[PDB]
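Here's the structure we're looking at; comments come further down.
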Protein chains: 4
Amino acid sequence: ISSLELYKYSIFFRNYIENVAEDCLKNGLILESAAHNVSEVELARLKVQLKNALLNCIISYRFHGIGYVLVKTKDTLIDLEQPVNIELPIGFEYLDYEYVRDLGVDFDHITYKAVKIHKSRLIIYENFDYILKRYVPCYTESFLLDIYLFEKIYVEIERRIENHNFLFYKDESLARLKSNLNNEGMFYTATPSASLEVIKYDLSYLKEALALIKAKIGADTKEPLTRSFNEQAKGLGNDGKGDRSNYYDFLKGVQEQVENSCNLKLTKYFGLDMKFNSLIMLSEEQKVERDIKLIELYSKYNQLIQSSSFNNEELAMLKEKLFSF
Amino acid sequence: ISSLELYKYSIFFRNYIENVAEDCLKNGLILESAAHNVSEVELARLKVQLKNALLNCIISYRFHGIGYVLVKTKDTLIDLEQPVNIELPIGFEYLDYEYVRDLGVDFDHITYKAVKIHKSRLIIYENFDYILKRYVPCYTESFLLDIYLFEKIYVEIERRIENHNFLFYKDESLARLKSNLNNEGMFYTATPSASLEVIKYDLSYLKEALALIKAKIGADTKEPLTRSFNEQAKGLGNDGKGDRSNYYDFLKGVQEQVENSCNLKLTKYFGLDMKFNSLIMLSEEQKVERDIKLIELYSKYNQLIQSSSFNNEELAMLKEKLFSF
Amino acid sequence: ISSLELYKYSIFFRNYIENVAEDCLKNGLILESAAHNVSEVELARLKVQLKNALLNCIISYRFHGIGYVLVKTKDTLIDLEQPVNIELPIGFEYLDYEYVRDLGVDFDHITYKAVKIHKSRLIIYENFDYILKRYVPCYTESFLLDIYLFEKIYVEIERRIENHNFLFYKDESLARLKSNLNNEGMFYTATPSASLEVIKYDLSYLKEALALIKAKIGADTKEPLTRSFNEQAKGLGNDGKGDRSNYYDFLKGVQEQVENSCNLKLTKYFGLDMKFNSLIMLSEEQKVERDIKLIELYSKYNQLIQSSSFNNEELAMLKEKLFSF
Amino acid sequence: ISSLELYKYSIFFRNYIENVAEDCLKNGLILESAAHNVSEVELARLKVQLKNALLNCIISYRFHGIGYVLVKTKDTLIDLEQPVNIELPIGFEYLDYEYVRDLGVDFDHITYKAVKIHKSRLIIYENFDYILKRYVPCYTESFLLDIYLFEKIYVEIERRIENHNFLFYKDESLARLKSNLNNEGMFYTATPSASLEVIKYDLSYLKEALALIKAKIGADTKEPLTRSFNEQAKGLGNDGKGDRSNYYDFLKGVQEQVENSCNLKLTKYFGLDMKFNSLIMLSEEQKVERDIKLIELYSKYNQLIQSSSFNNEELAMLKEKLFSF
């Protein structure tokens, strides 16, 4: 089973790879300058290109196991080999995996098509498995079989849908037969040993296979849309409790890894800091409700202080054990 | 399976392509001029033609993989080749995909039918897949098979509906038979070996196929009307929570991509800015309820300030941690 | 399958075409004059004829793909060829599609039966599909098959209802038989090899076909009455929420297209403006409830202003963030 | 059954090993210096590398039975053999299990690839079973069989999915047969002894096996995602009760063992202390609710003291029996 062939044929496989990348950048990013000298209008334009380059980097990370983003500066094509000390970038460009040759972490340069680029100008997002000692994608051979079996079910249906029911006619003595059947609705024969039987196919095998395949897909991934066949929500809302969903934890871990990869060289070489927006976004009604409760807490605290005779140490001790104060 | 042939025959396929485009522009657009010199009456008329051109651009984006919108100015047909520096446009016209020849991003012009048009006058909405290194539509080969199987079910029904039940008559010794059956209701024969049997077809195979096909369609797309066979709502209402539906996220991403494509050249070359209206529209009753809650929040805040003795730093610190204040 | 033949035979097809047109004009129209010189009594009479002409225009739009409405003025039959600059119309008349010859958008005239009419006097409502590059109706070949199969089910029932049960009698040795059966209730024979069997038909095939056909019809259209077989409501009520139904969005889009077609030439050439009434009509009880809530909002706002010491900027800032104020 | 081969093929096995490690470090760590001389900016960077090294240490602990983390200092590659008295570290690096040779606890050095490293510079997380007197992974032979059987179910499905239904034709007298069946839908033969039967496979054995396998997997592990096939939550929320889940107890025990291993040498040789963040994270709404209840408790306590005439001993005795006071 080839992943590239499955990607071309199946839209289900395409969505599974791309769903995680779209959710990570759904709420946007935050870009800041340590020097505090870049204008916000210019800095916002840099954020727009960073988001576009990061979307393909995560997709390449999930499909191939590594992603490359080039931090373009005001330099010539031959200057890419030279390292960078401190420079504000001009933009970000995603580099195709197939055109990048990297010999490992022991080297500080790559070849792009043959332009030599120093690794200090590259944001690298890689999935290295220490047990396998190699870069691996987000899918395994078992996962590919499940997707292949999911698609093969409907290939088999198309193979027998036309002739799911047909007649088996035996007549030793034997257009006219169909003409009489269409008009009169009676099929007549004179052979005493003639037989006529309807041959029928069945779909119980394929129906049961789908139930087994769906269970396997859900156990092999954490993305809610893929497991539930687009029937469940992403579960990234606000429930007023700390019990977050599994998808939230998976997305939070991915965001942290991307932040570390981006900030490892943006801050050191380019003097820039990037941050992901909060996964949970509060609605306008929820913000008002939280403000009302917080104001009530302050009102109760003020009433307690005014109408009590607690010692200073007792009053002080209450402050540390209070979250808001 | 040909997409064009399926588009002609199936209205289900036509709706699936066009549903997303209709929902994006359902709430309208916002058009603004940076120079603040264009009259609102003229600017509103430009917005009307922009909406019409954008509807076909998204449809062409979903069906072919790229969309072209021509920004018409007060110029001659030969002046389209020349670039544009700054000019208020006259209108917008959608360009048919079949009549547009584009050699790639490395070129800055296209051929339309053979009129040469510079790319600075064109709004381009393209779906480029970096894994495939080509522009692709919103559907794959697997999706086309599901639609074809959905339509083929009812083709098979029409093929056997007339003769789903018929009589199989065997008589070696043998109008009159039907005449006696119509009146007396008795079928008589003298051959001791004669037989009469009803031959029946079955629909369990096609019923089970529909259940499997419906599940596959739901897993292959996110548009709620296509998955549920027009049984579910679009899920674009206001529930007072930040947990938005999957369709809302999909539409929001599409709107952002269209905004980037339109504003990439409207602002730079034409001095115009376009914005999409909010997907969620509040009802009149909901607006009043939000105002009542907000006024109550302000009343509580005023009461706390008047009837408390908090320090200025403590009062100031409360302001940042409050969303409304 | 011919659409015209299906229209004649099936009332289900007739309702499907006409239901959308009846719902669009159910709440009436609004007609206004820019010059503000036409009397309301005369202007109301124009609105009555406009509604009658618009009902057939939408029906022709759905059945054929284009609709024509003639704006009659105080002119002779030969003056229809001449263009119109500014003139108050006398009335509106729908033009039959079969008697109209139009060569395309590149021409500014049509032939009616052979009277030449300029296009400036005609309201044109057309459904042009850019993928097909032609005008298309609201139905496809797949939809016609579903309606044909729906009608064919009951044709087959009538073909076998009379002889759904009948007797198969075999007697080599053989009025009198029926006479003895009617009175004594016993059927007697002397042949040892005689047989008597009841032959029965079945309806499981047709029952299952109806379930499949109903699902297909619901997926192929958005009109609630057609999908549910007149079992569901139109869903155009007021629920106090912004989550409108699918039918409301479909009707709103149709109304906008009709408004653009009518106002494209009514305002420019005739100095008239037309508007559709709101799809959602509030009941008398609902209007009182909304007024009570709005008055309560004003009372709360007045109380807050009188009994607070907010700064002018803080008071001003609250106004923009309030919907009502 | 080889664990390494199962790890390569099955993503379900990979997640089971890695889920525990990801949950332990999900909330982050706390790093402190006893000397209180290291800057927080530098100390935070050390925590980042410690988290990365600890993630692989737990994975190696679960897969192999032991984990090694090297505490890198400002020394040469030959100085690793020498012991360390007191030194602030430069960073942390995980050591691959396959490249580490350890002769047991009786020795104070290991060989890494052949660099000799003293054990005082190494954080060792080992799972020693006293009944078996050896280091063991988190899985047994019985667990490996369950995973192998889970994967083998879908291998068998792929082996018979293509030919789940096929025709068995017997004809002594016998392209043309398929051509007539495709068009006319009738299969004709002249041999009186000819037979035609559909041969069907069954999936009841595999469906029942999955139910048995799922029960066994749940009984063999405590990780909620593995038992429920990613259907249940981790159960690490706040319910306001002391009845914690089984997964919380398992994670708490793992965190304590890691803390003991890290603090056994960080404090003694490097003067550093590490602590795990709380597994249960309170939401913003929950923190406000707890503060309101605590303030109410203080208000009630103040009211009781002011409006009572209890003896000093009675008042004092109430203090010890009160949790908050």
Among the residues of the stretch B:239-273, write down those that are touching an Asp or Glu at 6+ places or on another chain (Cβ under 7 Å) and not aromatic (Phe, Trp, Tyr).
B:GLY240, B:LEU251, B:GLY253, B:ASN263, B:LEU266, B:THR267, B:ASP273
Within the stretch B:124-144, identify whether any single residue is closer than 28 Å to C:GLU208 by Cβ, touching a helix residue (DSSP H, G or I) at 6+ places or on another chain (Cβ under 6 Å), at the interface with another protein chain (Cβ under 7 Å from one of its Cβ atoms) and of a type outside the set (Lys, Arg), and answer yes or no.
yes
If I ask for residues that are exposed (fewer than 15 other Cβ atoms within 10 Å of the Cβ) and either under 29 Å from A:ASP96 (Cβ atoms) or among the polar types (S, T, N, Q) (or both), which ones from the stretch B:98-129 would you list?
B:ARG101, B:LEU103, B:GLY104, B:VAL105, B:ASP106, B:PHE107, B:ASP108, B:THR111, B:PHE128
Before we move on, is B:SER228 under 30 Å from A:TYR154 (Cα atoms) and among the hydroxyl-bearing types (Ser, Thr, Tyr)?
yes
Got a sec? Which of A:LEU177, A:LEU132 is of a type outside the set (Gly, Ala, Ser) and surrounded by 16 or more Cβ atoms within 10 Å (Cβ to Cβ)?
A:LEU177
Give me the residue from the stretch C:154-165 that is touching a helix residue (DSSP H, G or I) at 6+ places or on another chain (Cβ under 8 Å) and surrounded by fewer than 18 Cβ atoms within 10 Å (Cβ to Cβ) and, out of that set, nearest to C:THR226 (Cα to Cα).
C:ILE157
Restricting the search to the stretch D:222-263, which residues are within 16 Å of the chain's Cα centre (by Cα), away from chain A (no Cβ under 13 Å) and not in a helix (DSSP H, G or I)?
D:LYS222
Provide a single number: the residues in the stretch B:189-204 that are surrounded by fewer than 17 Cβ atoms within 10 Å (Cβ to Cβ) and at the interface with chain C (Cβ under 7 Å from one of its Cβ atoms).
4
Select the strands (runs of 3 or more DSSP E) contained entirely in the stretch A:80-170, then report the ones holding at least 1 residues which are touching a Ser or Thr at 6+ places or on another chain (Cβ under 9 Å) and within 28 Å of D:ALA53 (Cα to Cα).
A:122-126
Selection count, the stretch A:264-282, where residues are surrounded by 17 or more Cβ atoms within 10 Å (Cβ to Cβ), farther than 30 Å from A:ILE86 by Cα and more than 13 Å from chain D (Cβ to nearest Cβ):
1
Okay, helices (runs of 4 or more DSSP H) sitting entirely in the stretch C:1-75 with 2 or more residues that are within 14 Å of the chain's Cα centre (by Cα) and farther than 24 Å from C:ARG101 by Cα, I get C:11-24
Out of the residues in the stretch C:290-325 meeting the condition of being within 9 Å of chain B (Cβ to nearest Cβ) and among the acidic types (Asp, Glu), tell me which one is nearest to C:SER261 (Cα to Cα).
C:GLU296
Report every pair of residues separated by at least 6 positions or lying on different chains whose Cβ atoms are under 8 Å apart, first residue within the stretch C:266-287 and at positive phi, second part of a loop (DSSP other than H, G, I, E, B).
C:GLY271/C:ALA34; C:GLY271/C:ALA35; C:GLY271/C:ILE86; C:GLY271/C:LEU88
Select, from A:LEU88, A:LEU55, A:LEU77, A:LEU95, the only residue that is loosely packed, with under 14 Cβ neighbours inside 10 Å and either of a type outside the set (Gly, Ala, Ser) or farther than 16 Å from A:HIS109 by Cβ (or both).
A:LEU77
Criterion (at the interface with another protein chain (Cβ under 10 Å from one of its Cβ atoms) and polar (S, T, N, Q)) met by exactly one of D:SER39, D:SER10:
D:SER10
Residues located in the stretch A:171-199, provided they are in a loop (DSSP other than H, G, I, E, B) and either in contact with a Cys (Cβ under 9 Å, 6 or more places away or on another chain) or among the charged types (D, E, K, R) (or both)
A:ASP171, A:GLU172, A:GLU184
How many of the residues in the stretch D:81-105 are under 23 Å from the mean Cα position of the chain (by Cα) and among the charged types (D, E, K, R)?
3
Please verify whether C:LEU210 is more than 7 Å from chain B (Cβ to nearest Cβ) and within 24 Å of the chain's Cα centre (by Cα), treating the condition exactly as stated.
yes
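A quick note on method: Cβ atoms are made from the backbone with ideal geometry, for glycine too, and the neighbour counts reach across all protein chains shown. Just so you know, all these numbers are worked out from the coordinates, no wet-lab data involved.
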